[PDB]
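Trainee: Sharing structure.cif, mmCIF, C-alpha atoms:
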```
data_final
loop_
_atom_site.label_atom_id
_atom_site.label_comp_id
_atom_site.auth_asym_id
_atom_site.auth_seq_id
_atom_site.Cartn_x
_atom_site.Cartn_y
_atom_site.Cartn_z
CA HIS T 5 0.00 0.00 0.00
CA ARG T 6 2.84 2.34 -0.97
CA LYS T 7 2.96 6.11 -0.64
CA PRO T 8 2.36 8.69 -3.42
CA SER T 9 4.91 11.09 -4.93
CA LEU T 10 4.99 14.80 -4.26
CA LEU T 11 6.45 17.06 -6.95
CA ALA T 12 6.51 20.84 -7.21
CA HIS T 13 6.20 22.79 -10.45
CA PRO T 14 7.97 25.04 -11.16
CA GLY T 15 10.04 24.17 -8.12
CA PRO T 16 10.36 24.18 -4.28
CA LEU T 17 11.61 27.80 -4.15
CA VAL T 18 8.84 30.36 -4.53
CA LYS T 19 8.96 34.16 -4.56
CA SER T 20 6.12 36.12 -2.98
CA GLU T 21 2.73 36.35 -4.80
CA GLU T 22 4.17 33.72 -7.09
CA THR T 23 1.74 30.81 -6.89
CA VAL T 24 2.95 27.18 -7.07
CA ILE T 25 1.70 23.65 -7.80
CA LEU T 26 2.27 20.44 -5.84
CA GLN T 27 1.42 17.47 -8.03
CA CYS T 28 0.85 14.45 -5.85
CA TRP T 29 0.41 11.14 -7.70
CA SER T 30 0.92 7.35 -7.80
CA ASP T 31 0.47 4.63 -10.39
CA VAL T 32 -2.36 3.29 -8.22
CA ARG T 33 -6.11 4.12 -8.40
CA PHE T 34 -6.09 6.42 -5.39
CA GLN T 35 -9.59 7.85 -5.31
CA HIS T 36 -8.54 11.01 -3.48
CA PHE T 37 -5.51 12.54 -1.80
CA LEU T 38 -4.75 14.71 1.23
CA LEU T 39 -2.11 17.42 1.28
CA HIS T 40 -1.01 18.18 4.82
CA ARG T 41 1.34 21.06 5.63
CA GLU T 42 3.49 20.84 8.74
CA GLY T 43 4.69 23.92 10.53
CA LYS T 44 3.31 27.43 10.96
CA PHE T 45 -0.18 27.37 9.53
CA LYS T 46 -0.69 23.62 10.11
CA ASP T 47 -3.43 22.92 7.55
CA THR T 48 -4.82 20.04 5.45
CA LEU T 49 -6.28 19.62 1.97
CA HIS T 50 -8.31 17.12 -0.02
CA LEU T 51 -8.58 16.36 -3.74
CA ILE T 52 -10.37 13.65 -5.69
CA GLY T 53 -7.70 12.19 -7.96
CA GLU T 54 -8.04 12.42 -11.74
CA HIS T 55 -6.98 9.33 -13.68
CA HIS T 56 -4.86 9.83 -16.79
CA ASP T 57 -4.00 6.33 -18.09
CA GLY T 58 -1.98 4.40 -15.52
CA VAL T 59 -1.83 7.20 -12.96
CA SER T 60 -4.08 8.94 -10.44
CA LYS T 61 -3.31 12.53 -9.45
CA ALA T 62 -4.22 15.54 -7.35
CA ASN T 63 -2.68 18.87 -8.33
CA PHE T 64 -2.90 21.14 -5.29
CA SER T 65 -2.03 24.75 -5.92
CA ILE T 66 -0.65 26.77 -3.06
CA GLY T 67 -2.10 30.19 -3.86
CA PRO T 68 -0.39 33.60 -3.49
CA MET T 69 2.77 32.70 -1.61
CA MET T 70 3.33 34.12 1.88
CA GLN T 71 5.42 33.12 4.89
CA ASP T 72 2.51 31.27 6.50
CA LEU T 73 2.25 28.88 3.53
CA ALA T 74 5.86 27.77 3.17
CA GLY T 75 6.80 24.64 5.09
CA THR T 76 6.91 20.85 4.98
CA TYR T 77 4.25 19.10 2.95
CA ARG T 78 3.39 15.39 3.00
CA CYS T 79 0.90 13.73 0.69
CA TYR T 80 -1.62 10.91 1.28
CA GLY T 81 -3.85 8.71 -0.90
CA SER T 82 -6.94 6.55 -0.24
CA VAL T 83 -9.09 4.32 -2.51
CA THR T 84 -12.87 4.27 -3.04
CA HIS T 85 -13.84 1.27 -0.94
CA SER T 86 -12.14 2.73 2.19
CA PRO T 87 -11.32 6.46 1.78
CA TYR T 88 -10.43 6.56 5.49
CA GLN T 89 -7.70 3.98 5.21
CA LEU T 90 -4.92 6.42 4.39
CA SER T 91 -1.80 5.39 2.47
CA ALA T 92 1.75 5.67 3.76
CA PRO T 93 2.92 9.30 3.89
CA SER T 94 4.92 10.54 0.91
CA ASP T 95 8.44 11.85 1.43
CA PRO T 96 8.23 15.30 3.04
CA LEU T 97 8.81 18.07 0.53
CA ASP T 98 9.82 21.58 1.60
CA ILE T 99 8.30 24.57 -0.08
CA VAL T 100 10.08 27.84 0.62
CA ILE T 101 9.70 31.57 0.04
CA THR T 102 12.50 33.68 -1.46
CA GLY T 103 13.28 37.40 -1.31
CA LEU T 104 12.36 38.17 2.29
CA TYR T 105 15.66 39.85 3.14
CA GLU T 106 18.88 41.34 1.79
CA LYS T 107 20.68 39.25 -0.85
CA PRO T 108 24.10 37.85 0.08
CA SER T 109 27.51 38.00 -1.68
CA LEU T 110 28.62 34.98 -3.70
CA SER T 111 32.38 34.94 -4.40
CA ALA T 112 34.21 32.23 -6.36
CA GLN T 113 37.64 30.74 -5.72
CA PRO T 114 40.31 30.23 -7.12
CA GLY T 115 38.36 32.54 -9.34
CA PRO T 116 35.28 32.15 -11.54
CA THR T 117 37.28 30.94 -14.60
CA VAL T 118 39.31 27.96 -13.38
CA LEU T 119 40.55 25.52 -16.02
CA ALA T 120 39.04 22.07 -16.44
CA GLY T 121 40.24 19.90 -13.56
CA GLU T 122 40.87 22.72 -11.09
CA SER T 123 38.80 22.47 -7.92
CA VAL T 124 36.45 25.35 -7.12
CA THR T 125 34.98 26.59 -3.84
CA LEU T 126 32.05 28.94 -4.17
CA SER T 127 31.75 30.74 -0.88
CA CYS T 128 29.10 33.30 0.01
CA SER T 129 28.54 35.64 2.93
CA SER T 130 26.74 38.61 4.47
CA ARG T 131 26.92 41.31 7.18
CA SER T 132 23.65 39.79 8.35
CA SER T 133 23.59 36.98 10.88
CA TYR T 134 22.46 34.19 8.51
CA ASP T 135 22.61 30.76 10.16
CA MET T 136 22.42 28.87 6.88
CA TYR T 137 23.38 29.27 3.22
CA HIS T 138 21.84 27.47 0.21
CA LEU T 139 23.55 26.90 -3.12
CA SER T 140 21.39 26.62 -6.23
CA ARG T 141 23.23 25.68 -9.42
CA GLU T 142 20.96 27.09 -12.15
CA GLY T 143 18.49 24.26 -12.73
CA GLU T 144 20.98 21.54 -11.80
CA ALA T 145 19.03 18.82 -9.98
CA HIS T 146 18.97 20.16 -6.40
CA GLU T 147 20.33 22.49 -3.73
CA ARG T 148 23.02 22.17 -1.08
CA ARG T 149 22.77 23.76 2.37
CA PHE T 150 25.47 24.75 4.85
CA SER T 151 25.97 26.12 8.37
CA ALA T 152 27.42 29.61 8.46
CA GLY T 153 30.66 30.50 10.21
CA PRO T 154 29.31 33.48 12.29
CA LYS T 155 31.32 36.67 12.97
CA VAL T 156 34.80 37.18 11.50
CA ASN T 157 34.82 40.79 10.14
CA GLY T 158 31.14 41.32 10.77
CA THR T 159 30.39 38.78 8.03
CA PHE T 160 29.09 35.19 8.23
CA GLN T 161 30.03 32.93 5.34
CA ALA T 162 29.92 29.31 4.29
CA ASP T 163 32.19 27.72 1.70
CA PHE T 164 30.83 25.21 -0.79
CA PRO T 165 33.61 23.01 -2.20
CA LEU T 166 32.25 22.13 -5.63
CA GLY T 167 35.34 19.97 -6.19
CA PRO T 168 37.17 19.80 -9.53
CA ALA T 169 35.43 22.00 -12.12
CA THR T 170 33.15 19.80 -14.20
CA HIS T 171 31.17 22.12 -16.48
CA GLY T 172 30.54 25.82 -16.25
CA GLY T 173 27.39 27.08 -14.59
CA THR T 174 25.41 29.82 -12.90
CA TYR T 175 25.10 29.56 -9.12
CA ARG T 176 23.03 31.61 -6.72
CA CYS T 177 23.16 31.79 -2.94
CA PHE T 178 20.53 32.32 -0.24
CA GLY T 179 20.77 33.00 3.46
CA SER T 180 18.27 32.07 6.17
CA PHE T 181 18.00 31.90 9.95
CA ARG T 182 17.39 28.87 12.15
CA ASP T 183 14.17 30.50 13.32
CA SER T 184 12.24 29.89 10.10
CA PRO T 185 14.03 27.41 7.76
CA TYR T 186 11.44 28.09 5.02
CA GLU T 187 11.93 31.82 4.91
CA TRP T 188 14.91 32.81 2.73
CA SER T 189 16.48 36.03 1.58
CA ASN T 190 16.83 37.43 -1.91
CA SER T 191 19.06 35.65 -4.38
CA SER T 192 22.71 36.64 -4.48
CA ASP T 193 23.61 38.04 -7.85
CA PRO T 194 24.24 35.16 -10.37
CA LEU T 195 27.76 33.75 -10.70
CA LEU T 196 28.95 32.29 -13.98
CA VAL T 197 31.58 29.66 -13.32
CA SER T 198 33.41 29.14 -16.61
CA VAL T 199 35.46 25.95 -16.98
CA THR T 200 38.28 26.42 -19.53
CA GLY T 201 38.56 23.19 -21.54
CA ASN T 202 41.35 20.72 -22.29
CA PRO T 203 42.41 18.79 -25.42
CA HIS W 5 52.38 31.96 -10.90
CA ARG W 6 49.37 29.65 -10.69
CA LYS W 7 49.35 25.87 -10.58
CA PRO W 8 48.64 23.48 -13.50
CA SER W 9 45.66 21.14 -13.91
CA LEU W 10 45.83 17.40 -13.50
CA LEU W 11 43.31 15.28 -15.42
CA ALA W 12 43.08 11.52 -15.87
CA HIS W 13 41.93 9.79 -19.04
CA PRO W 14 39.99 7.57 -19.06
CA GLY W 15 39.46 8.22 -15.37
CA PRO W 16 40.84 7.96 -11.78
CA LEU W 17 39.71 4.32 -11.35
CA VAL W 18 42.01 1.82 -13.05
CA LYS W 19 41.84 -1.96 -13.26
CA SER W 20 45.05 -3.98 -13.20
CA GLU W 21 47.31 -4.04 -16.32
CA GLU W 22 45.06 -1.29 -17.59
CA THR W 23 47.38 1.63 -18.28
CA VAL W 24 46.26 5.24 -17.69
CA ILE W 25 47.13 8.83 -18.66
CA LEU W 26 47.51 11.91 -16.46
CA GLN W 27 47.36 15.02 -18.60
CA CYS W 28 48.87 17.91 -16.70
CA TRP W 29 48.51 21.33 -18.35
CA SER W 30 48.06 25.11 -17.97
CA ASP W 31 47.38 28.00 -20.33
CA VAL W 32 50.89 29.24 -19.52
CA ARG W 33 54.18 28.47 -21.37
CA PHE W 34 55.43 25.98 -18.79
CA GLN W 35 58.60 24.60 -20.33
CA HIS W 36 58.40 21.32 -18.43
CA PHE W 37 56.38 19.64 -15.70
CA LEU W 38 56.98 17.28 -12.78
CA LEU W 39 54.59 14.54 -11.76
CA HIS W 40 55.12 13.54 -8.15
CA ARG W 41 53.31 10.58 -6.58
CA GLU W 42 52.72 10.57 -2.85
CA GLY W 43 52.38 7.36 -0.91
CA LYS W 44 53.75 3.86 -1.34
CA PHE W 45 56.28 4.06 -4.14
CA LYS W 46 57.04 7.77 -3.60
CA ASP W 47 58.41 8.67 -7.04
CA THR W 48 58.80 11.69 -9.36
CA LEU W 49 58.61 12.36 -13.09
CA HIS W 50 59.61 15.00 -15.61
CA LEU W 51 58.25 16.00 -19.01
CA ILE W 52 59.06 18.85 -21.37
CA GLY W 53 55.69 20.41 -22.17
CA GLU W 54 54.35 20.43 -25.73
CA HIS W 55 52.60 23.62 -26.82
CA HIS W 56 49.33 23.28 -28.72
CA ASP W 57 48.05 26.84 -29.30
CA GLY W 58 47.37 28.58 -25.99
CA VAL W 59 48.30 25.62 -23.80
CA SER W 60 51.40 23.76 -22.62
CA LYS W 61 51.08 20.10 -21.62
CA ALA W 62 52.77 16.98 -20.32
CA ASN W 63 50.91 13.69 -20.74
CA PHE W 64 52.40 11.25 -18.25
CA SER W 65 51.29 7.66 -18.66
CA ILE W 66 51.25 5.45 -15.62
CA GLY W 67 52.16 2.11 -17.18
CA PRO W 68 50.73 -1.34 -16.32
CA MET W 69 48.71 -0.61 -13.21
CA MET W 70 49.71 -2.25 -9.92
CA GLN W 71 49.14 -1.47 -6.24
CA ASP W 72 52.49 0.32 -5.94
CA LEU W 73 51.47 2.89 -8.57
CA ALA W 74 48.07 3.97 -7.26
CA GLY W 75 48.10 6.96 -4.93
CA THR W 76 48.01 10.75 -4.74
CA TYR W 77 49.55 12.66 -7.61
CA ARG W 78 50.40 16.37 -7.71
CA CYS W 79 51.67 18.20 -10.76
CA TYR W 80 54.23 21.02 -11.14
CA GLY W 81 55.33 23.38 -13.93
CA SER W 82 58.44 25.54 -14.54
CA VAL W 83 59.41 27.94 -17.37
CA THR W 84 62.59 28.08 -19.49
CA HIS W 85 64.42 30.95 -17.83
CA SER W 86 64.23 29.27 -14.38
CA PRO W 87 63.26 25.57 -14.62
CA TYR W 88 64.06 25.22 -10.91
CA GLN W 89 61.52 27.77 -9.81
CA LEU W 90 58.62 25.35 -9.50
CA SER W 91 55.00 26.46 -9.80
CA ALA W 92 52.35 26.04 -7.13
CA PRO W 93 51.31 22.40 -6.73
CA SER W 94 48.19 21.32 -8.62
CA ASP W 95 45.22 19.93 -6.70
CA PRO W 96 46.06 16.39 -5.56
CA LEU W 97 44.41 13.77 -7.74
CA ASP W 98 43.91 10.19 -6.57
CA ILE W 99 44.51 7.33 -8.92
CA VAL W 100 43.17 4.00 -7.73
CA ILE W 101 43.20 0.32 -8.64
CA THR W 102 40.00 -1.74 -8.91
CA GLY W 103 39.31 -5.47 -8.67
CA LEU W 104 41.68 -6.45 -5.88
CA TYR W 105 39.06 -8.22 -3.79
CA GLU W 106 35.55 -9.67 -3.71
CA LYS W 107 32.81 -7.44 -5.17
CA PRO W 108 30.16 -6.16 -2.76
CA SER W 109 26.32 -6.24 -2.87
CA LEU W 110 24.48 -3.12 -4.02
CA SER W 111 20.80 -3.09 -3.01
CA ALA W 112 18.33 -0.29 -3.81
CA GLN W 113 15.54 1.11 -1.66
CA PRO W 114 12.53 1.67 -1.72
CA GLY W 115 13.30 -0.47 -4.71
CA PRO W 116 15.13 0.10 -8.00
CA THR W 117 12.02 1.47 -9.80
CA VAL W 118 10.76 4.34 -7.63
CA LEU W 119 8.53 6.92 -9.32
CA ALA W 120 9.76 10.42 -10.13
CA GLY W 121 9.96 12.38 -6.89
CA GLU W 122 10.42 9.41 -4.57
CA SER W 123 13.66 9.48 -2.61
CA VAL W 124 16.09 6.59 -3.09
CA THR W 125 18.82 5.17 -0.86
CA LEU W 126 21.28 2.89 -2.58
CA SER W 127 22.95 0.89 0.14
CA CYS W 128 25.68 -1.69 -0.37
CA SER W 129 27.43 -4.19 1.87
CA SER W 130 29.67 -7.23 2.28
CA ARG W 131 30.64 -10.10 4.63
CA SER W 132 34.12 -8.61 4.36
CA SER W 133 35.31 -5.96 6.78
CA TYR W 134 35.35 -3.02 4.34
CA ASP W 135 35.97 0.31 6.10
CA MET W 136 34.75 2.40 3.18
CA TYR W 137 32.30 2.22 0.29
CA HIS W 138 32.39 4.23 -2.97
CA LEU W 139 29.42 4.98 -5.19
CA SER W 140 30.02 5.49 -8.90
CA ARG W 141 27.00 6.59 -10.91
CA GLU W 142 27.84 5.40 -14.44
CA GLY W 143 29.85 8.29 -15.85
CA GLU W 144 28.05 10.91 -13.77
CA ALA W 145 30.64 13.54 -12.80
CA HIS W 146 32.22 11.98 -9.70
CA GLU W 147 32.12 9.47 -6.85
CA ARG W 148 30.85 9.58 -3.28
CA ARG W 149 32.56 7.78 -0.39
CA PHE W 150 31.18 6.60 2.95
CA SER W 151 32.24 5.00 6.24
CA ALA W 152 30.92 1.49 6.73
CA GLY W 153 28.75 0.44 9.65
CA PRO W 154 30.82 -2.64 10.75
CA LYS W 155 29.26 -5.89 12.03
CA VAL W 156 25.47 -6.36 12.19
CA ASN W 157 24.82 -9.88 10.74
CA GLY W 158 28.40 -10.39 9.69
CA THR W 159 27.92 -7.67 7.06
CA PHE W 160 29.23 -4.09 6.90
CA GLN W 161 27.17 -1.66 4.85
CA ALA W 162 26.86 2.02 4.08
CA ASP W 163 23.71 3.74 2.85
CA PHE W 164 23.89 6.41 0.17
CA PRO W 165 20.81 8.65 0.25
CA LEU W 166 20.56 9.77 -3.37
CA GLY W 167 17.57 11.92 -2.40
CA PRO W 168 14.47 12.27 -4.59
CA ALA W 169 14.89 10.26 -7.82
CA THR W 170 16.07 12.62 -10.54
CA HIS W 171 16.83 10.48 -13.59
CA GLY W 172 17.45 6.79 -13.89
CA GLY W 173 20.99 5.46 -13.84
CA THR W 174 23.47 2.65 -13.35
CA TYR W 175 25.39 2.68 -10.08
CA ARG W 176 28.27 0.51 -8.94
CA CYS W 177 29.78 0.09 -5.50
CA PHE W 178 33.31 -0.57 -4.24
CA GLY W 179 34.69 -1.48 -0.86
CA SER W 180 38.14 -0.69 0.55
CA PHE W 181 40.02 -0.75 3.84
CA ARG W 182 41.56 2.14 5.74
CA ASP W 183 44.95 0.49 5.30
CA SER W 184 45.30 1.32 1.60
CA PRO W 185 42.71 3.93 0.43
CA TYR W 186 43.84 3.45 -3.19
CA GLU W 187 43.31 -0.27 -3.32
CA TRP W 188 39.66 -1.17 -4.05
CA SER W 189 37.69 -4.33 -4.60
CA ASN W 190 35.85 -5.50 -7.67
CA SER W 191 32.80 -3.61 -8.81
CA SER W 192 29.45 -4.64 -7.39
CA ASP W 193 27.15 -5.84 -10.11
CA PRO W 194 25.54 -2.82 -11.93
CA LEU W 195 22.24 -1.44 -10.60
CA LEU W 196 19.77 0.21 -12.94
CA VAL W 197 17.73 2.75 -11.05
CA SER W 198 14.66 3.45 -13.18
CA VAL W 199 12.69 6.63 -12.42
CA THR W 200 9.04 6.28 -13.52
CA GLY W 201 7.96 9.63 -15.00
CA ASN W 202 5.16 12.10 -14.31
CA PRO W 203 2.88 14.20 -16.54
#
```
Turn this file's structure into structure tokens for me.
Mentor:
Amino acid sequence: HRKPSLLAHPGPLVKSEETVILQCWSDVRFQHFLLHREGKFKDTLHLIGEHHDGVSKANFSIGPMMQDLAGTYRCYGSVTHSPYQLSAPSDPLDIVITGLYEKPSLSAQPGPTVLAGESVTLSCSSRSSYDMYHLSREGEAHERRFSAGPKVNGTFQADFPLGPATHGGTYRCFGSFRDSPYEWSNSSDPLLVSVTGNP
Amino acid sequence: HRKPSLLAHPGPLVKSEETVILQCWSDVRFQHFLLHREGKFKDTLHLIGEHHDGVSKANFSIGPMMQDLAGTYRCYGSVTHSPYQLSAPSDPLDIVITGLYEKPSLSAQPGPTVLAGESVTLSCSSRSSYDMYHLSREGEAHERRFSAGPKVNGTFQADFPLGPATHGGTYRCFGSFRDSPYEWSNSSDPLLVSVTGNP
């Protein structure tokens, strides 16, 4: 009696007003699903699942984004002859808000034009007391978080060792506080890491 | 006076007899390079760099692979009017041998056919006392290591949380001991992780 899947289109990071979709589905005939949200505004939803060949689905849309809506979501599914026998919970998915506070500074190192093979360490910071820092490589699968190294010259940074330079890329950085893990700051200005090639 | 780059074609993992190449280069006019190997058979090499437009280069070939040749390499470069004024050392690159001992067992979980969005945790093990475990996603950029969880039912495994299932893929697993970090066992039989898609 497996659990459903919880996706997020466009993606987990959402700017204010910006409204997002959380497609919960399974290859089963789940009659209807529940979308629970853990955290601040602990709330629950319900949707009768559509049934495009081989797959049931409930596309919940989290309306105009706000701080009270970002948090951990988990999805459930139940079938006709027992809609109160809930399925196993789907892997928790975090939906966050972006642009709440000042954007950080994202420096590269060695520099932003290393040659193929050279290891790179993107490292961002701020004068603000951010407790975390998130690295988003333009589109690339997912993000990477990191605990800040508080106070040094007023700044608080975190270094992200990307390892030897694979391909180029555009990375952005976000800062957040422990307080509310789903509330993030603006996006650091985009950094183009350019990997000079070899024969 | 930057350092050169050290690549490895085909790649860092080398089976016995199999002979590999370590292309060290820079966009500078390095007259000649040095290839030092740290570890077991501490040895050093020298090569006058060729000069294909915009780039000098020394392609050292580590002959018939054996345990005494695998280890940490670092590359240096010096220019004509001072070939004894060495450059900064290039990022250490590890060259390893594969197939020294029994291959491990690479199980998937939930299973090897999760749906898009579902998180996966490849987890391999062995009856042998491996202290480490390395995950190689067929071609995918690089590897990921992990400390084993010794003795449980005779076995010693390590779980690799791949996170939510991006794309499918073929993963292999290797086991090694602390003793010689460059000596690895055979490759676990290939695992095809198939990510069922969504609308």
Trainee: Using all atoms listed in the file, which of W:202, W:151, W:86, W:48 sits nearest chain T?
Mentor: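 Answer, going by the shortest atom-to-atom distance: W:202.
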Trainee: Would you give me, as a tab-separated table, each residue of chain T having an atom within 10 Å of an atom of chain W, along with its shortest atom pair and that distance in Å to one decimal, using only C-alpha atoms and sorting by chain and residue number?
Mentor:
```
residue	atom	partner	partner_atom	distance
T:6	CA	W:114	CA	9.7
T:7	CA	W:122	CA	9.1
T:8	CA	W:122	CA	8.2
T:9	CA	W:121	CA	5.6
T:10	CA	W:121	CA	6.1
T:11	CA	W:121	CA	5.9
T:12	CA	W:121	CA	9.1
T:27	CA	W:202	CA	9.1
T:28	CA	W:121	CA	9.4
T:29	CA	W:202	CA	8.2
T:30	CA	W:119	CA	7.8
T:31	CA	W:119	CA	8.4
T:56	CA	W:203	CA	8.9
T:59	CA	W:202	CA	8.6
T:61	CA	W:203	CA	9.6
T:94	CA	W:122	CA	7.8
T:95	CA	W:122	CA	6.8
T:96	CA	W:123	CA	9.8
T:97	CA	W:121	CA	9.4
T:114	CA	W:6	CA	9.8
T:118	CA	W:9	CA	9.3
T:119	CA	W:9	CA	7.1
T:120	CA	W:9	CA	7.1
T:121	CA	W:9	CA	5.6
T:122	CA	W:9	CA	5.8
T:123	CA	W:95	CA	7.0
T:145	CA	W:170	CA	6.9
T:146	CA	W:170	CA	9.1
T:167	CA	W:146	CA	9.3
T:168	CA	W:95	CA	8.5
T:169	CA	W:145	CA	9.7
T:170	CA	W:145	CA	6.9
T:171	CA	W:145	CA	9.4
T:200	CA	W:31	CA	9.3
T:202	CA	W:29	CA	8.2
T:203	CA	W:56	CA	8.9
```
Trainee: Could you name the residues that touch region 159-162 of chain W at 6 Å or less, counting only C-alpha atoms, but leaving out those on the same chain fewer than 4 positions away, as a PyMOL selection string?
Mentor: chain W and resi 127-131+152-155
Trainee: Restricted to C-alpha atoms, what would the selected residues look like written as an mmCIF file, in the coordinates of the input?
Mentor:
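Wrote out32.cif, looks like this:
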```
data_model
loop_
_atom_site.group_PDB
_atom_site.id
_atom_site.type_symbol
_atom_site.label_atom_id
_atom_site.label_comp_id
_atom_site.auth_asym_id
_atom_site.auth_seq_id
_atom_site.Cartn_x
_atom_site.Cartn_y
_atom_site.Cartn_z
ATOM 1 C CA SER W 127 22.950 0.890 0.140
ATOM 2 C CA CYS W 128 25.680 -1.690 -0.370
ATOM 3 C CA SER W 129 27.430 -4.190 1.870
ATOM 4 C CA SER W 130 29.670 -7.230 2.280
ATOM 5 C CA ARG W 131 30.640 -10.100 4.630
ATOM 6 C CA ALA W 152 30.920 1.490 6.730
ATOM 7 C CA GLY W 153 28.750 0.440 9.650
ATOM 8 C CA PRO W 154 30.820 -2.640 10.750
ATOM 9 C CA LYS W 155 29.260 -5.890 12.030
#
```
Trainee: For the structure provided, state which residues fall under the PyMOL selection byres ((chain W and resi 13-26) around 10), and present them as number ranges by chain.
Mentor: W: 9-12, 27-29, 39, 62-71, 74, 77, 79, 97-104, 143, 146, 186-190
Trainee: Please list as a list in words every residue within 10 Å of residue 115 (chain W), counting only C-alpha atoms and excluding residues in the same chain fewer than 4 positions away.
Mentor: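 Here the answer would be residues 111, 119, 124, 125, 126, 197 and 198 of chain W.
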Trainee: Could you give me, as an mmCIF file with C-alpha atoms, keeping the file's coordinate frame, the residues within 10 Å of residue 35 (chain T), counting all atoms listed in the file and dropping anything in the same chain fewer than 2 positions from it?
Mentor:
```
data_model
loop_
_atom_site.group_PDB
_atom_site.id
_atom_site.type_symbol
_atom_site.label_atom_id
_atom_site.label_comp_id
_atom_site.auth_asym_id
_atom_site.auth_seq_id
_atom_site.Cartn_x
_atom_site.Cartn_y
_atom_site.Cartn_z
ATOM 1 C CA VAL T 32 -2.360 3.290 -8.220
ATOM 2 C CA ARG T 33 -6.110 4.120 -8.400
ATOM 3 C CA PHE T 37 -5.510 12.540 -1.800
ATOM 4 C CA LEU T 51 -8.580 16.360 -3.740
ATOM 5 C CA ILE T 52 -10.370 13.650 -5.690
ATOM 6 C CA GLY T 53 -7.700 12.190 -7.960
ATOM 7 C CA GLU T 54 -8.040 12.420 -11.740
ATOM 8 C CA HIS T 55 -6.980 9.330 -13.680
ATOM 9 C CA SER T 60 -4.080 8.940 -10.440
ATOM 10 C CA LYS T 61 -3.310 12.530 -9.450
ATOM 11 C CA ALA T 62 -4.220 15.540 -7.350
ATOM 12 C CA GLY T 81 -3.850 8.710 -0.900
ATOM 13 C CA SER T 82 -6.940 6.550 -0.240
ATOM 14 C CA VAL T 83 -9.090 4.320 -2.510
ATOM 15 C CA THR T 84 -12.870 4.270 -3.040
ATOM 16 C CA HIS T 85 -13.840 1.270 -0.940
ATOM 17 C CA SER T 86 -12.140 2.730 2.190
ATOM 18 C CA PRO T 87 -11.320 6.460 1.780
#
```
Trainee: Here is a test: counting all atoms listed in the file, which residue of W:57, W:163, W:175, W:132 is nearest to residue 106 (chain W)?
Mentor: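 Among the listed residues, W:132 lies closest to residue 106 (chain W).
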Trainee: For the atom pair CA of residue 142 (chain W) and CA of residue 176 (chain W), what is the interatomic distance in Å to one decimal place?
Mentor: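 Distance between the two atoms: 7.4 Å.
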Trainee: Separation of CA of residue 34 (chain T) and CA of residue 46 (chain T), in Å?
Mentor: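 It comes out at 23.8 Å.
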Trainee: Which residue gives the smallest distance to residue 140 (chain W) among W:80, W:173, W:181, W:47, with all atoms listed in the file counted?
Mentor: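 Between W:80, W:173, W:181, W:47, the residue approaching residue 140 (chain W) most closely is W:173.
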Trainee: Which is closest to residue 178 (chain W) among W:165, W:108, W:158, W:75, if we use only C-alpha atoms?
Mentor: W:108
Trainee: I'd like the interatomic distance between CA of residue 195 (chain W) and CA of residue 157 (chain W), to a tenth of an Å.
Mentor: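 That distance, rounded to one decimal, is 23.1 Å.
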Trainee: Here is a test: counting all atoms listed in the file, which residue of T:116, T:183, T:135, T:144 is nearest to residue 199 (chain T)?
Mentor: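 For residue 199 (chain T), the nearest of the given residues is T:116.
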